[PDB]
Structures are given as C-alpha cells and as structure tokens.
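Participant: After the structure tokens below, expect a handful of questions from me.
Every number in this text was worked out from the coordinates using simple rules, so none of it is lab data. Note that we place each Cβ from the backbone using ideal geometry, even for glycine, and neighbour counts take in every protein chain shown.
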Amino acid sequence: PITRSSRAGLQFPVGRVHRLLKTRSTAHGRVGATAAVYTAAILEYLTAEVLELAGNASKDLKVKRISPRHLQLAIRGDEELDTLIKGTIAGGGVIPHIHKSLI
Amino acid sequence: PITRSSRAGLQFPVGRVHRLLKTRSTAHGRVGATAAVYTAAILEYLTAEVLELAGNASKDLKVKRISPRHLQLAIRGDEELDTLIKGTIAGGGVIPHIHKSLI
Amino acid sequence: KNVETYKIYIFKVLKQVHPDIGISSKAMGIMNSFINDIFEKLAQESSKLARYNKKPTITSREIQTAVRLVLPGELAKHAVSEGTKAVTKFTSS
Amino acid sequence: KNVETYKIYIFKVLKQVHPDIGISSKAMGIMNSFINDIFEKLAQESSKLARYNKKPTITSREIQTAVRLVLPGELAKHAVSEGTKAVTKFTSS
Amino acid sequence: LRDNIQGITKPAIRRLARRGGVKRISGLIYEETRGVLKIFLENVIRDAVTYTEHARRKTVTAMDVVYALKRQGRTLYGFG
Amino acid sequence: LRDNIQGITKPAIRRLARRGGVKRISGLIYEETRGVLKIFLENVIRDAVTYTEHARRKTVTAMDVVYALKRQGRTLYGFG
Amino acid sequence: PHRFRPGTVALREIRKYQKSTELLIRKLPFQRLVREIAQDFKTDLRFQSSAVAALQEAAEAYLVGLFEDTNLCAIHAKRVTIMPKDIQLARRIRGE
Amino acid sequence: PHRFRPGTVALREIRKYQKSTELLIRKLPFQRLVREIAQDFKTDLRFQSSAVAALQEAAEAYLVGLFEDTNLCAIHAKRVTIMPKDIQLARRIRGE
DNA sequence: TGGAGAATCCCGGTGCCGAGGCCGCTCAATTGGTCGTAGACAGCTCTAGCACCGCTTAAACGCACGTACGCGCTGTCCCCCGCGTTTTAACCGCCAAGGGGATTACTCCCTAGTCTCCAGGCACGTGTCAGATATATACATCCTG
DNA sequence: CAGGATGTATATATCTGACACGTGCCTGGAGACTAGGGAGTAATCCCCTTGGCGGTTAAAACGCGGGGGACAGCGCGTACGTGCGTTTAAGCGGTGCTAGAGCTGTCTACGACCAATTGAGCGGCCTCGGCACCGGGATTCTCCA
C-alpha cells in the first residue's frame, strides 16, 4: 500500500488534507481527492518558499538554525509573502530601518 | 397550526432562520430551535433599532418615506451602529461635516 | 425562481415602529443586504464557537456568545436581553 | 490525546530545500500555525465559492480559484502551476 | 479602449474632493488620484473577473463585483 | 487592583518607541500611550473572557487570547 | 463685477456636494476605463450595466474616504491645500 | 567629561532595540495590569501564564506598529519629536 | 453698518412613476412519529495557578545641566481660484443584431459509506552539540579641539 | 585633520538546555465494493448585452487676472536628552496547596429524518399620492464700501 502523497510526489499528507477538508465542508458537501492533492501541493510549495527565504536569511547571519527572527526577516523581505502573511510573529522583532531625515 | 414566530412573539420567521442555519451548519452539525428563536429575535431587534433611527432622521427632514440617505444618516449618527455597519450604502452620500480650520 | 428575502418582515417591523412612515425599494434592498450580512457574521461566529469546543450542536448559548462577540456594548446587551426574552416566551408556550 | 501537526512534513521540505540547515521548535510551531492559517483561508474561500455557484462538491477548480483569490500575484501563479503539476502527476499515476 | 484613464477629468476629481471636504487642491493631486483609482479598480476588477471565470461565464455580473468588494473589506449595500 | 496602568513605566514606553524608530518623545506621549494600551487590552481581554465564559471555564488560556486576537485582525503566531 | 474671494465658492461647493447623493464621475468615461482595465485580465469581456454602476459607487466612496483622510493629513501639517504627500501618507497608514 | 550630543544615544538605542527580540515591558507590572483590566469583566479570574505572555507580545507589537505610524506622522509635519496629535491622527486613519 | 448683488430656502403647482395593495399559486413550515446521540451532570485525578518568603541587583526615579528643537513671526512669489468664451462629447432617445445565460433533460462516473488491515505518526525517553554567556579584545565612531 | 574615550564588533572556552533521534502503539490512512447523486454536455429561447445614429446642451477645456497660501529664514525660550546617586521593586529560587482543568461513565432531553397538509410567501398587475421638477417670491450670505 503506497500513500497518495507518494503517488502525487508530495511530502505533505494528501490523506490528512482530504480528511480535514471533509470535516470542514459545510452542509454535507463532497470533496474530491484531486482537491486534496491540489491543496497539499500548494501548502508544500508555500512551505518550500518560506523555508528557502528563511534559510537564505539564516545563512546571511552565519547561523545554522532557523529562528523566529529569520522567519520575520524572510517574510518582511519579500513583497508577496509580506502581503500574504499579515500576522504577528512572536519574537520576530522589526526590520531595522531609520528614515533619511531622522539621521 | 401556530407558527413558531407567533409562539415566540417575533415578526421575523423562526422556521426560515432555522432552515438557513441548518443548511449553513458545517460537517452535519445540529441546530436547536432555541438557537433559531434567539437569532430571529436578534435580527428583529436590529431591524427595529435601525428603522427607528431612520424614521427619526426622515421625520427631521419632513418626509414620509425612508430613503438610503436617511439610512446613512441614522447609521453614521449612532456610534454603535457605525461600528457595527462598516459597509458602503449606495446613494447614501456623506454626513455634512466641514473641518473647523477651513472656515 | 422564488428569491427568499426579508422584505415583508422588515416592512412589518417598520409598521410596528413607525406606522405612518413608508420606505423606498432601494432602502429595502439595502436593509435586506444588511440583515443578510449580520446573519452571515452570526452564523460564522457560531460555527467557530462550535468548532473550538468540539460541540457539534449550535444551541442558543452559542448564538448568545456570538452576539456578545459581534455586537458592541449596549447594543449587544439589549440584543441579548431581547433574545433571552424571546427564548423564554417560546419555551413557556 | 495526540495532537496532529505538520512538523514532519515541514522537516522533509526543509531537508529538500536546505539539507544542512535545521529549524528550532518555536520556528517550527510558527510554520505550523502559518500553514494552518493558509489552509483555513483556502477552505473558507472554497466553501464560499461552492455556496455562490450552488455546487456542493469542492474540486481542484475551487481550490485553484481560491488560490487565485487569496494568494498575491506571482506567488499565486507559481502556486497554481505547482498544484496543476501535482494534480496531473496524481491523475497520470 | 486605450488610455481612458484621462476620462476621469479634473472637474470630477475636484467634485470628489469637495464631497470629502477638501478646500484647495494641488496640481499633482489629479495624477495621484488617477493612479490610486487605477490601482483600486485593478484589484477589484481582478477579483471580480476571477469570480466570473470560475463560474464559466463571460459576463461580469454585479453580484460578482459585490463579492469582490466584500473580500477586501469594502462591503457594498444596495446591489446584492 | 488599582492604578496598575502606571506599572507601564516611562522607560518601557521609551524603549517601545525606540524599537519603533522614534528619536524624540514628548512628555504627554506616555499618558497617551497608556490610554491607548488600556483600550487595546480592554478589547482583547473582553473577547478572550467571552471565549473563556463560553467554554464554562474560570481560567483564561492562551487559546482564548489567540482567538480574540484573530477576531480583531491581529493574528499572533507562536502560541498555537 | 461680483468677484468672490478665493475660497468662498469652494466652501459653497463643499456644502452643496456633501448634501447631494448623485454620482460625481461621468458614467461613460468610467465604463470605458473599467473595460480597458478588465481587458488586461480577460479579453472580450461583457459587462452588466449594474456591475459598472456598482463599481462606480464603490470607487467614488473609496475616493471620498481617501480624500477625507488626505484632508486630515493636510490639516495635521498646518495646511489647507492637500498634496500628493498627504495621499501617500494616508495610504501608507491605511496599509495600502 | 564624555558628554554626548543629544540624539546620539537616541540613535544608538534605536539601533540596539531594533536588532533585539526581547520583550520591552516588565512582565510583572503587565500581568498586574491585565488582571486589573479583566477584573471588570469577570471577578476571580485565573490567568494561564502563556495567556499573559501572548497578551504581552501582542501589546508590544501593536505599540511598536502604532509608534511607527506616529513617527511617519511626525516626519510628515516636519518634526522629529512625536506628539499626542500624531498618535491621534494615526489612530484616526487606522480607523481606531 | 449698509448696500448692492448673488445664493439659497421656501412656496406653490403639476406631473409621474413607484409604493402599497390585491390575487393566483406554490412549495416549504408545521405536526406527528420514531430513533439515535450528545451534552449535562457526577466523579476522580493530578497539574498548575496562586500565594508567600528571602535575597540580589538592575532598573526606575528624582535632580541638575545644557542645548536643540518647536513654534511664532515676517517676507516672497507662484500657483490655484474665480470667471468668461469656445468646443466637444455625454446623455437621451430610438433602433438592430446576436450571443450567451438561465432552464431542462439525459447520462455516467466519482465520491460517501462500510469493513478490514497495517504502518506511520505521535507521547515518552535519551544523547550531544550549536548558540547564549562570560571574558578578553580589536576597531570604527563621536566629540572636542 | 586628529587624539581621547568609547560602545560595538570580533574571538574563544563553558556549558547547557534544546534539537535530533530511537521505541511502543494505536489510530487513521489505504484497498475494495456498492449506491446514487451531482457534474458534464446539449438544445432552446429570450432578453440582455453591444453597436450605431441624431442632436445638443451642459460640462469640459483654455486664457487670464490675482490674491492668498506654501515655504524659507530667523529668533527664542522651553522642554527633553544625558549622566549620576540611590533605592525600589522586579526577577530568581524555592516551597505549600488547593481550585480547577481534563478524562470517563450514564442517560435522558433533544434534534435529525420522512410523509401529508395546508397556509404563508412570492410573482404579476393596477392605481393614486408622495416626491421630484419648473418657476417665482422671500430669505440669507458675501464683497466692497
């Protein structure tokens, strides 16, 4: 027995996403397996993008481990992820910026 | 056959609200009739409050019919309804306010 | 097809509050949209409340808490009182 | 009781992207919360789309439309491409 | 349909500012307002066109515009 | 408990402004910030206590605070 | 000649346009602009008239709110004339 | 004496606090304030420690964002010192 | 104030079309009954939230000094405002054409539901090493000269 | 420029708790089969979209006088940054305990599901009064004096 994630080439669990979608469907709605594959693939892609940016930020700081500070730097350093992720990251701090006229 | 709205003393339809809640409940959830009565009462109370303020605004302007302008005046003239209703009323205009330093 | 709206009930409420005052069709449409919006917010909050506590049933308590969360201040107080009054009247019959 | 999370899959993705870089527990929890938020947004948008079109079944079309609505610009384009590729591979296997 | 952004004339922007309480208007305000309006319309129209395309339609309905406005926290009452 | 708003000392407000890029700070800014923080905490705590009361509990958990923050568009990551 | 002082007619228009509820932008140019903008996302799109009307109401309300915030910013800087910096500050604070 | 010019230590503090991620408000006074505020909504409430910590992070992030907007407003009015009117304008445009 | 003049409120008359009412019909609320189920309550466990005490010490505080900045005042100029004349295209009205959206019917195929099996993902426990800490130490920066 | 002090940056050993890994098990994912409801497609029509033409006034565009507002410069005095002595309360560590969160078991109140019925609600039509439009009189507001 092979998993659906292996069948679709995804690290994220297709079965768990399908079960969560079925749980979250309103008024006895139906959910296709293709929807679960799509959602798992998109979640995996977003994870890969955010982790790539965070790893680049961590490497720039000569540190071998990703911390919330690196996540904050990666998220606020990219326009698309900044627009997508408007939440507050605990322990992320702020991006160091001082206005030109303030110096 | 006495309707549930008459039983609860409400003008709004208890049965229709119950049906809407049932077809809006997620994951084969259950809805009690008491919830429908409570929701219908809430909607009726909000309708009564908004209509009372709008009728007062219309009476202040010496007209016998409520228009979207009167709805806008009533909604923005009350702090609580202003907080609750942040949507745009088509044809409602703006409340006449001129800043002090412009005169 | 038959489009279900709250126009008749809004008109009934208006004639209960202002018997001599009429209302235009555009104002009726705006008010119907407003009531639909409020119902959507209440239903969403009740669903979130039911999910958070693992309760599959949305009873009057969920609606009451959703109203305390959504409507502000004295408006929420009066709405909760009116809902409790209606629930008591429904139960007593 | 067991609390289900995404930590194992996030670790696999990290090892695919950065083989020699680890992740802290706080950062892993933040990533899990972010993924949960994205999944909730996608599910909400898909349910809204199903309600609007009177279509009770949620398919890859609904997920694609929700991704286009929620994700911004080039991120949405690349996410749609990845999802399409994954669905094609799944169907061909 | 090209460069119809100048169709939003200076008197129209002046009237919109007057409704908002503005007493005096600078020269570059018209260009700034045209750019801002173009951005806002781009966002709303993109969302509405996505909604229309999902429904396999070729006509942008007012109800899709209502949904697009609702998504961005700009609910509109009267058309839905 | 009384006058605990003064426990947010002037050095703390100065540090918060420094993290925000503020170079110079006025004297009334401390009282203004205390009032604003009190309003924000009132809103968040009211929502959190509503969530706690719904669960028939006397102890406010981090989940209630997280849900209250999410309701107001102030989503917080790092606490579940 | 009945030459008015600069500002009086401005105040009269401010009072007149605040009590009215009509649309301020001409309908046909706005419709043409909407069609031009939508041409970039999908070619050969047909627009329902109510869709263009709703877009016009939304755009006018948004611009009126933006100009209210811009006027607040202008008063903050001890000026009565709004400037592009005021609009930029207002949009930056709103998060746009 | 190594008397520094005013604003130099201010710039150094801005640089130092922006690179750190520690909480700036003392924990115990904030906990007391949270308990006092919650006393008005329900008496004899117990607080989980993680709840107070999350409240502290949320409050500090909100205040930092508000002060960023306040600094924007102060720079707009050709000043370097933030004033209560700047905070009021920022909260007005934010819709608070 | 005063007067001359424009803008606006009010007042009226007439129209006009939209709101309120009436009627056919429709389909969903109501009532009755059954059957499962879940949430209200009671009970036990054991976890952590609260309270207290002692000590340390780092930060808050009050004060004194100094100087940079916010603000008021003045002058310059340039650039929007108000008004008049030309033009131009928006809008109303009407008419043609067609295309695509809404509806209905058929089909078929794709998913929920149920059962069985097993493996992988989550609590619990353990080792070891990357970064926070402490100390030493170099160096680019601020200030006063 | 240029030296003196400096806070920050750089280097290194400690360790220490936090991350990666190993194991039981149990619960959820996978495979198979059935029923059936929803998605896909096609035909139809009708009205709702786009396009076009005439007119023509009301609005946009362009000139031009000009006065008021934006902005720069200067003085100034007042409030805030900086540093020091000091103490005040936060933080750490430990302890003591009880309220209350969390899991488990019953079971009865309660809600889902189906069938029949009928009356409330929705679509279509008609009318007349409230509101909108056109014109005039009276009232109010403004520039120039």
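Participant: Inter-copy label distances at H:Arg26, 7 Å along the Cα→beta-carbon direction, one decimal in nm, shortest first?
Facilitator: For H:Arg26, the inter-copy label distances come out at 6.7 nm.
Participant: Then there is this: Could you give, in nm with one decimal, how far F:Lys70 is from each other copy of that position, shortest first, with labels 7 Å out from Cα toward Cβ?
Facilitator: Spacings between copies for this position, smallest first, are 2.1 nm.
Participant: Taking the Cα centroid of the stretch A:1-59 and of the stretch B:18-39, what is the distance between the two, rounded to the nearest whole Å?
Facilitator: Result: 31 Å between the Cα centres.
Participant: Measure out, as a whole number of angstrom, how far apart the alpha-carbon centroids of the stretch F:24-61 and the stretch E:16-80 sit.
Facilitator: The stretch F:24-61 and the stretch E:16-80 have Cα centres spaced 35 Å from each other.
Participant: With labels modelled as points extended 7 Å from the Cα through the Cβ direction, what inter-label distance (nm, one decimal) is found for G:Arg94 paired with H:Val80?
Facilitator: Going from the G:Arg94 label point to the H:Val80 one covers 3.2 nm.
Participant: Give me a single rounded figure for B:54-66: the average over its residues of other chain Cβ atoms within 10 Å of their Cβ. Let's see the in-between values first.
Facilitator: Values: counts 7, 7, 2, 0, 5, 3, 0, 0, 0, 2, 5, 5, 11.
Average neighbour count from other chains, rounded to a whole number: 4.
Participant: Measure nothing fancy, just the Cα-based angle from helix D:25-52's long axis to the longest principal axis of chain D, in degrees from 0 to 90, nearest 10.
Facilitator: 0
Participant: While we're here: What are the DSSP H helices in chain A that stretch 30 Å or more along their long axis, judged by alpha-carbon atoms, and whose average Kyte-Doolittle hydropathy comes to at least -1.0?
Facilitator: Working: long enough: A:33-60 (40 Å, 0.54).
Length and hydropathy pass: A:33-60.
Participant: Right, another one. With runs of 4+ DSSP H residues as the only contributors, calculate the mean residue ellipticity of chain E at 222 nm using -39,500 (n - 2.57) per run, divided by the residue total and rounded to the nearest 500.
Facilitator: Details: 3 runs with 46 residues, N = 80.
So the helix-based figure for chain E works out to -19000 deg cm²/dmol.
Participant: Can I ask one more? Pop a pseudo-label 7 angstrom from the Cα along the beta-carbon direction at both B:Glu52 and H:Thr8 and give the gap in nm to one decimal.
Facilitator: 6.7
Participant: Grab the other residues whose beta carbon is less than 10 angstrom from that of C:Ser93, score K and R as +1, D and E as -1, and report the net.
Facilitator: Details: positive: B:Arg4, B:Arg7, C:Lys89; negative: none.
Charge balance in the 10 Å sphere: +3.
Participant: Between the stretch H:1-68 and the stretch D:19-68, how far is it from one alpha carbon centroid to the other, in angstrom?
Facilitator: Rounded to whole Å, the Cα centres lie 33 Å apart.
Participant: Angle check, please: helix E:62-71 long axis (alpha carbons) against the longest principal axis of chain E (alpha carbons), in degrees 0 to 90, nearest 10.
Facilitator: 80
Participant: Taking chain E as the reference, fit the longest principal axis to its C-alpha atoms, fit the long axis of helix E:29-54 to the helix C-alpha atoms, and give the angle between the two in degrees, 0 to 90, nearest 10.
Facilitator: Between the helix axis and the principal axis of chain E, the angle is about 0 degrees.
Participant: Amide H to amide H, which residues 5 or more places from F:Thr75 or on other chains are under 5 Å from it, using H placed in the peptide plane?
Facilitator: When sequence neighbours closer than 5 places are left aside, the close amide H contacts are A:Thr88.
Participant: On to the next question. Taking the stretch F:4-71 as the region of interest, what is the percent of Cα-Cα pairs per 5 angstrom bin, listed from the shortest bin to the one with the maximum distance?
Facilitator: Bins of 5 Å from zero give 3, 16, 20, 15, 14, 15, 9, 5, 2, 0 percent of pairs.
Participant: Taking θ as phi - 60°, what are the ³J(HN,Hα) couplings along the stretch G:36-52 by the Karplus curve (6.51, -1.76, 1.60), each to the nearest whole Hz, with x for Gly and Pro?
Facilitator: Residue by residue, the stretch G:36-52 yields 4, 5, 5, 4, 6, 8, 7, 6, 6, 8, 9, 10, 5, 4, 4, 5, 5 Hz.
Participant: By DSSP, what percent of the beta bridges with both residues in the protein assembly as shown are antiparallel, rounded to the nearest 5? Walk me through the numbers before you get to the answer.
Facilitator: Values: 1 of 21 bridges.
That works out to approximately 5 percent antiparallel.
Participant: Right, next: Once the other residues with Cβ under 12 Å from the Cβ of G:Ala90 are scored (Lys, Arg +1; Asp, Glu -1), what is the net sum? Don't jump to the answer; show the numbers that get you there.
Facilitator: On the way: positive: G:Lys85, G:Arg91, G:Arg92, G:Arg94, H:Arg92, H:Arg94; negative: E:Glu32, G:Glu68, G:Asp69, G:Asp86, G:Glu96, H:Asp69.
Local net charge: 0.
Participant: Taking beta carbons within 10 Å but only from partner chains, what does the mean come to for residues E:56-63? Don't jump to the answer; show the numbers that get you there.
Facilitator: Numbers: counts 2, 2, 4, 5, 11, 5, 9, 5.
Average per residue, whole number: 5.
Participant: Please list C:76-88, E:37-49 highest first by mean number of surrounding beta-carbon atoms within 10 Å per residue. List each step's numbers first, then the result.
Facilitator: Working: C:76-88: 17.8, E:37-49: 19.7.
Descending packing order for the listed peptides: E:37-49, C:76-88.
Participant: Now for a different question. Report, by chain and number, residues whose modeled amide H sits under 5 Å from the one on C:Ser24, excluding near sequence neighbours (fewer than 5 apart, same chain).
Facilitator: B:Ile66
Participant: Can you give the helix-only mean residue ellipticity at 222 nm for chain D, where every DSSP H stretch with n ≥ 4 adds -39500 (n - 2.57) and the sum goes over all residues, rounded to the nearest 500 deg cm²/dmol?
Facilitator: Numbers: 4 runs with 70 residues, N = 93.
Rounded to the nearest 500, the figure is -25500 deg cm²/dmol.
Participant: Projected area of the stretch H:1-55, taken from the Cα convex hull and averaged over every viewing direction, in nm²?
Facilitator: On the way: hull surface 24.4 nm².
With the hull built on Cα positions only, its mean projection is 6.1 nm².
Participant: To make sure I understand, if each residue's beta carbon is the centre and we count other beta carbons within 10 Å, what order do G:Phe4, G:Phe67 fall in, fewest to most? Walk me through the numbers before you get to the answer.
Facilitator: On the way: G:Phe4 10, G:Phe67 26.
Going from sparsest to densest Cβ surroundings: G:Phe4, G:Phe67.
Participant: Using only alpha-carbon positions, what ratio does the radius of gyration of the stretch H:47-96 give when scaled by 2.2 N^0.38 Å? Walk me through the numbers before you get to the answer.
Facilitator: Details: Rg = 13.8 Å, N = 50, 2.2 N^0.38 = 9.7 Å.
Here the answer is 1.42, to two decimals.
Participant: Counting only Cα atoms, I'd like the Rg/Rh figure for chain B, Kirkwood definition for Rh. Numbers along the way, then the final one.
Facilitator: Working: Rg = 18.5 Å, Rh = 16.3 Å.
Here Rg/Rh amounts to 1.14.
Participant: If you don't mind, there's one more thing I want to ask. Taking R0 as 25 Å, what FRET efficiency do you get between H:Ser50 and D:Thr5 from their Cβ-Cβ distance, rounded to the nearest 0.05? Before the final figure, lay out the partial values.
Facilitator: Numbers: r = 17 Å, r/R0 = 0.70.
Once the sixth-power term is evaluated, E becomes 0.90.
Participant: Please give the direction-averaged projected area of the C-alpha convex hull for the protein assembly as shown, in square nanometres with one decimal. Spell out each step's value before the answer.
Facilitator: Numbers: hull surface 158.1 nm².
Average projection, Cα convex hull of the protein assembly as shown: 39.5 nm².
Participant: Given label points at 7 Å from Cα along Cα→Cβ, what nm distances, shortest first, separate A:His28 from the same residue in every other copy?
Facilitator: 0.8
Participant: Follow-up question, since we're still on this one. Computed FRET efficiency, Cβ-Cβ of E:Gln72 and A:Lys64, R0 56 Å: what is it to the nearest 0.05? Let's see the in-between values first.
Facilitator: Working: r = 41 Å, r/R0 = 0.73.
Approximately 0.85, to the nearest 0.05.
Participant: Based on the mean of other Cβ atoms within 10 Å per residue, sort peptides B:38-50, F:55-67 so the most packed one is first. Walk me through the numbers before you get to the answer.
Facilitator: On the way: B:38-50: 25.4, F:55-67: 19.2.
Peptide ranking by packing, descending: B:38-50, F:55-67.
Participant: OK, next. Could you work out the local net charge near A:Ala74, counting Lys and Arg as +1, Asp and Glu as -1, over the other residues with Cβ closer than 13 Å to its Cβ? Walk me through the numbers before you get to the answer.
Facilitator: On the way: positive: A:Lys59, A:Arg69, A:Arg76; negative: A:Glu49, A:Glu52, A:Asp60, A:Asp78, A:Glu79, A:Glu80, A:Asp82.
Net charge in that neighbourhood comes out at -4.
Participant: Summarise the partner chain shielding of H:1-13 as one whole number: the mean count of Cβ atoms from other chains within 10 Å of each residue's Cβ.
Facilitator: Working: counts 0, 0, 0, 0, 0, 2, 4, 0, 0, 8, 5, 1, 7.
Taking all residues of H:1-13 together, the mean is 2.
Participant: Nearest the rotation axis from A to B, which residue of chain A has its beta carbon, and at what whole-angstrom distance?
Facilitator: Taking the axis that maps A onto B, the answer comes out as A:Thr26, 2.
Participant: Which three extents, in angstrom, do the Cα atoms of chain D have along their principal axes, listed largest first?
Facilitator: For chain D, the Cα extents along the three principal axes come out at 46, 34, 29 Å.
Participant: Using only Cα positions of chain G, each an equal point scatterer, no hydration layer, compute I(q)/I(0) via Debye at q = 0.20 Å⁻¹ and quote the log10 values to two decimals.
Facilitator: Ignoring solvent entirely, the Cα scatterers give -1.10.
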